[PDB]
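If you read the sequences in order, they're chains A and A'. A prime marks a further copy of an entry chain.
First residue of the first sequence: 10, per the entry's author numbering; consecutive thereafter.
First residue of the second sequence: 10, per the entry's author numbering; consecutive thereafter.
Positions of the beta carbon are idealized from the N, C-alpha and C atoms, including for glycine.
Comments concern the structure below.
Number of protein chains: 2
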Amino acid sequence: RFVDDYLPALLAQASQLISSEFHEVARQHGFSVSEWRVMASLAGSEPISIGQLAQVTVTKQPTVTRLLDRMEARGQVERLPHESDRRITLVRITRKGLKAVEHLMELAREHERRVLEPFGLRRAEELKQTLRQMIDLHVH
Amino acid sequence: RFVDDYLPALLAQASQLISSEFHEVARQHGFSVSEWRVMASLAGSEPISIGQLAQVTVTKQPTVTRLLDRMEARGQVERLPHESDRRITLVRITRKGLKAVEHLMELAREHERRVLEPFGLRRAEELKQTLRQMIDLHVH
Ligand SMILES: Nc1c(Cl)c(Cl)nc(C(=O)O)c1Cl
Ligand SMILES: Nc1c(Cl)c(Cl)nc(C(=O)O)c1Cl
Numbered sequence: 010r011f012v013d014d015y016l017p018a019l020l021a022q023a024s025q026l027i028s029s030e031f032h033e034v035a036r037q038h039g040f041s042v043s044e045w046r047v048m049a050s051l052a053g054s055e056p057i058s059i060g061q062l063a064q065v066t067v068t069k070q071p072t073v074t075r076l077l078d079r080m081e082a083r084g085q086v087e088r089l090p091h092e093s094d095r096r097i098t099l100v101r102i103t104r105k106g107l108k109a110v111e112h113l114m115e116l117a118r119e120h121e122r123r124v125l126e127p128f129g130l131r132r133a134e135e136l137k138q139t140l141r142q143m144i145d146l147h148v149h
Numbered sequence: 010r011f012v013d014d015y016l017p018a019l020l021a022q023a024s025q026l027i028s029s030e031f032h033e034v035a036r037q038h039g040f041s042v043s044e045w046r047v048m049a050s051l052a053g054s055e056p057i058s059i060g061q062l063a064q065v066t067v068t069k070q071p072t073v074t075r076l077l078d079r080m081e082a083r084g085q086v087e088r089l090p091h092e093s094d095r096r097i098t099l100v101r102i103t104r105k106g107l108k109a110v111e112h113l114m115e116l117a118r119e120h121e122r123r124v125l126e127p128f129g130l131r132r133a134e135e136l137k138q139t140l141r142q143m144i145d146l147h148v149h
């Protein structure tokens, strides 16, 4: 059966199943999926472009811009001009956003550890390395 | 940076990037993403339940049911009663659907081979095995 070992189907199912487990925790802590993705992606990061944020959060850019309108209104993120290009807007998490998301990030790390524990450190690191290499080869 | 090596973020980005490449081919051949997922998932398969189809295609069940309404109208799939449970509807691809999707499936295999070639057979098989094991541990 083609679909049983078709890579894009395997990636999508694993991603949906693992993510859906953590989304229940995020909601119990008052976060939407998109708010969790944005704050977790900006935590501990230097300011990044809207386009970079859209790529790492797998969210369409117009959706990200609307999300940032409301997250900035709530003081959780800040948009700022690029030091050179008028075309580029950068975005950062604020202290308020970081404090709001820190505990959830620790829960996310615990959930990830539980997901990866049956595989062992070797297989877990190999998976993460392969995924990172694939992203870096296919990102635009 | 948390997000740089957070497994759910890595899975989601790799899945989105790889899938988006193939979706361009599917559309050039007249398929929507959802039609491609359904027909490819049913190709060469015995009839499966709507719930199984929704899981493997990562599509919400009500969306799948509406999709099947129109795909069945076009003669590409068929819904049939479960041999035991009135609660369960099964679904299969028809010959018309299989003939419509066969060439696209060969293109999908070629694209997958190109995605996996830089990694080598060992790393490719390890990735697929880990993803399959994760799905089977997290599916409900
Ligand atoms: N791209 C993602 C990022 Cl950045 C984070 Cl933190 N979480 C998730 C998830 O929903 O599991 C995703 Cl897909
Ligand atoms: N779940 C999926 C299945 Cl069954 C197929 Cl054939 N293709 C894709 C894709 O869009 O790349 C997905 Cl996610």
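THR72 of chain A' burial status per 10 Å Cβ neighbour count (16 or more: buried): exposed
Proximal residues to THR68 of chain A' (C-beta, below 7 Å), its chain only, five neighbours per side dropped: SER43, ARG46
Limits of the alpha helix (DSSP H) - the one that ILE27 of chain A falls within: 16-37
Three-state secondary structure (DSSP) of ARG104 of chain A: helix
Given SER50 of chain A as reference, the closest of A:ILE102, A:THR98, A:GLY129 once Cα atoms are compared: A:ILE102
Interface residues of chain A facing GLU30 of chain A' [CB-CB closer than 8 Å]: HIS147
Contacts that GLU135 of chain A makes with chain A' (C-beta to C-beta distance below 7 Å): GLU135
Where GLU87 of chain A falls: helix, strand or coil (DSSP): strand
Start-end ranges of the alpha helix (DSSP H) lying completely within the stretch 47-98 of chain A', minimum 4 residues: 59-65, 70-82
Neighbour flag for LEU77 of chain A against chain A', beta carbons, 8 Å: no
Neighbouring residues, chain A', relative to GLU111 of chain A (Cβ below 7 Å): The premise fails here: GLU111 of chain A is roughly 10 Å from chain A' at the closest Cβ pair, so nothing lies under 7 Å.
Sub-8 Å separation of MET48 of chain A and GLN85 of chain A beta-carbons: yes
Contact test: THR66 of chain A' Cβ vs ligand 4 heavy atom, cutoff 7 Å: The ligand content of the structure shown is limited to ligand 1 and ligand 2, which means ligand 4 is not among them.
Buried or exposed (CB count within 10 angstroms, at least 16 for buried), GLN22 of chain A': buried
Of the listed residues A':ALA52, A':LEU89, A':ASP94, nearest to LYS108 of chain A' (C-alpha basis): A':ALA52
Unbroken alpha helix (DSSP H) run spanning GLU126 of chain A', endpoints: Run containing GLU126 of chain A': none; DSSP gives neither H nor E here.
Own chain partners of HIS38 of chain A with C-beta closer than 7 Å, once the 5 adjacent residues on each side are dropped: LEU113
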